[PDB]
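Novice: Got a structure here, written out as structure tokens. Questions coming.
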Amino acid sequence: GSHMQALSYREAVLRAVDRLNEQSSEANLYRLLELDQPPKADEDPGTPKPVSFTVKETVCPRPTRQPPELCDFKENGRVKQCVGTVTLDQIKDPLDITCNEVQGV
């Protein structure tokens, strides 16, 4: 309803990463491992906000009772770079973001 004082890009990535795990049909959860700093990430409220981050396979499968952050992380899991643009005030779906597998070994 009313969101008094609510405008942070880190919060948008936290909700985007959790929504991606529930919307995607993967077998294991993919919590955000590293977050990137896209162009204009905190200067467009009504407009869309570009978001980008890398996620890695966690020890907990999907969907887990709690969020993927609550569980551990599997360094042997694969990492993917989910990037897209989504507004921070009127978050809408589906989240138009693409994930590109990133090799980090």
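Naming works like this for the structure tokens: A, B, ... for the chains as they're shown, residue 1 at the start of each chain, ligands 1 onward in shown order.
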If you run DSSP on the backbone, which residues of range 58-90 of chain A are strand (DSSP E or B), as a list in words?
Specialist: residues 58, 59, 60, 61, 79, 80, 81, 82, 83, 84, 85, 86 and 87 of chain A
Novice: Neighbours of residue 42 in chain A within 10 Å (only C-alpha atoms; same-chain residues fewer than 6 positions away dropped), as a list in words?
Specialist: residues 7, 8, 9, 10, 49, 50 and 88 of chain A
Novice: Generate a file of the selected residues that holds N, CA and C atoms, formatted as a PDB file, in the first residue's frame.
Specialist:
```
ATOM      1  N   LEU A   7      13.365   3.511  -1.032  1.00  0.00           N
ATOM      2  CA  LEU A   7      14.018   3.648  -2.372  1.00  0.00           C
ATOM      3  C   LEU A   7      15.488   3.197  -2.308  1.00  0.00           C
ATOM      4  N   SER A   8      15.733   1.915  -2.410  1.00  0.00           N
ATOM      5  CA  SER A   8      17.140   1.405  -2.360  1.00  0.00           C
ATOM      6  C   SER A   8      17.356   0.325  -3.430  1.00  0.00           C
ATOM      7  N   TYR A   9      18.417   0.441  -4.194  1.00  0.00           N
ATOM      8  CA  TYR A   9      18.697  -0.569  -5.265  1.00  0.00           C
ATOM      9  C   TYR A   9      19.041  -1.936  -4.652  1.00  0.00           C
ATOM     10  N   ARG A  10      19.755  -1.951  -3.551  1.00  0.00           N
ATOM     11  CA  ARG A  10      20.112  -3.252  -2.905  1.00  0.00           C
ATOM     12  C   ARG A  10      18.834  -4.021  -2.544  1.00  0.00           C
ATOM     13  N   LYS A  49      14.616   0.444 -13.302  1.00  0.00           N
ATOM     14  CA  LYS A  49      15.991   0.500 -12.726  1.00  0.00           C
ATOM     15  C   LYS A  49      16.789  -0.719 -13.193  1.00  0.00           C
ATOM     16  N   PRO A  50      17.905  -0.462 -13.827  1.00  0.00           N
ATOM     17  CA  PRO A  50      18.762  -1.562 -14.328  1.00  0.00           C
ATOM     18  C   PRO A  50      19.406  -2.304 -13.153  1.00  0.00           C
ATOM     19  N   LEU A  88      11.720   0.366  -9.052  1.00  0.00           N
ATOM     20  CA  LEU A  88      11.898   0.118  -7.586  1.00  0.00           C
ATOM     21  C   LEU A  88      10.638   0.508  -6.796  1.00  0.00           C
TER      22      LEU A  88
END
```
Novice: If we count only C-alpha atoms, what is near residue 48 in chain A at a cut-off of 12 Å, once residues fewer than 6 positions away on the same chain are taken out, given as a PyMOL selection string?
Specialist: chain A and resi 9+12+39-42+84-93+95-97
Novice: Store the residues of this selection in a file with N, CA, C and O atoms, as a short mmCIF file (atom, residue, chain, number, x, y, z; two decimals), in the first residue's frame.
Specialist:
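File written: out-v9.cif
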```
data_model
loop_
_atom_site.label_atom_id
_atom_site.label_comp_id
_atom_site.auth_asym_id
_atom_site.auth_seq_id
_atom_site.Cartn_x
_atom_site.Cartn_y
_atom_site.Cartn_z
N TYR A 9 18.42 0.44 -4.19
CA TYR A 9 18.70 -0.57 -5.27
C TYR A 9 19.04 -1.94 -4.65
O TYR A 9 18.66 -2.97 -5.17
N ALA A 12 15.96 -3.83 -4.09
CA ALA A 12 15.35 -4.31 -5.37
C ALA A 12 16.04 -5.60 -5.82
O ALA A 12 15.40 -6.52 -6.28
N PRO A 39 24.34 1.22 -14.59
CA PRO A 39 24.22 2.68 -14.85
C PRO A 39 22.90 3.22 -14.31
O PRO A 39 21.83 2.73 -14.65
N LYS A 40 22.96 4.25 -13.49
CA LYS A 40 21.71 4.86 -12.92
C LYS A 40 20.90 3.80 -12.17
O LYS A 40 19.84 3.38 -12.62
N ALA A 41 21.38 3.37 -11.04
CA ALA A 41 20.65 2.33 -10.25
C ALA A 41 19.78 2.97 -9.16
O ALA A 41 18.89 2.34 -8.62
N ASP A 42 20.01 4.22 -8.84
CA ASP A 42 19.19 4.89 -7.78
C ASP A 42 18.76 6.30 -8.23
O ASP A 42 18.74 7.22 -7.44
N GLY A 84 18.84 -7.32 -15.66
CA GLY A 84 17.61 -6.83 -16.35
C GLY A 84 17.21 -5.46 -15.80
O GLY A 84 17.94 -4.86 -15.03
N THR A 85 16.07 -4.96 -16.18
CA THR A 85 15.63 -3.62 -15.66
C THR A 85 14.24 -3.72 -15.02
O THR A 85 13.32 -4.26 -15.60
N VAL A 86 14.10 -3.21 -13.83
CA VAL A 86 12.78 -3.27 -13.12
C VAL A 86 12.61 -2.03 -12.23
O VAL A 86 13.54 -1.60 -11.57
N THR A 87 11.43 -1.46 -12.20
CA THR A 87 11.20 -0.24 -11.35
C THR A 87 11.34 -0.60 -9.86
O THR A 87 11.12 -1.72 -9.45
N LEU A 88 11.72 0.37 -9.05
CA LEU A 88 11.90 0.12 -7.59
C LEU A 88 10.64 0.51 -6.80
O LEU A 88 10.40 0.00 -5.71
N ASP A 89 9.84 1.41 -7.31
CA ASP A 89 8.61 1.83 -6.58
C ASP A 89 7.43 0.92 -6.94
O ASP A 89 6.83 0.31 -6.08
N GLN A 90 7.11 0.83 -8.21
CA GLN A 90 5.97 -0.05 -8.63
C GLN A 90 6.51 -1.35 -9.23
O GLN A 90 6.32 -1.63 -10.40
N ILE A 91 7.18 -2.14 -8.43
CA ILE A 91 7.74 -3.44 -8.94
C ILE A 91 6.66 -4.21 -9.70
O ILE A 91 5.60 -4.48 -9.18
N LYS A 92 6.93 -4.54 -10.94
CA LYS A 92 5.92 -5.28 -11.75
C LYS A 92 6.52 -6.57 -12.32
O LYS A 92 7.72 -6.77 -12.31
N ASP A 93 5.69 -7.45 -12.83
CA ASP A 93 6.19 -8.72 -13.41
C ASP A 93 5.63 -8.92 -14.83
O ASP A 93 4.67 -8.27 -15.20
N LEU A 95 9.68 -10.13 -14.34
CA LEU A 95 10.96 -9.35 -14.30
C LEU A 95 11.75 -9.61 -15.59
O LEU A 95 12.26 -10.69 -15.82
N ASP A 96 11.82 -8.62 -16.44
CA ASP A 96 12.55 -8.78 -17.74
C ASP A 96 14.07 -8.78 -17.53
O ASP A 96 14.74 -7.79 -17.77
N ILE A 97 14.61 -9.88 -17.07
CA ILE A 97 16.09 -9.96 -16.85
C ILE A 97 16.66 -11.26 -17.43
O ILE A 97 16.02 -12.30 -17.40
#
```
Novice: Hey, can you check how far CA of residue 98 in chain A sits from CA of residue 20 in chain A?
Specialist: 10.2 Å
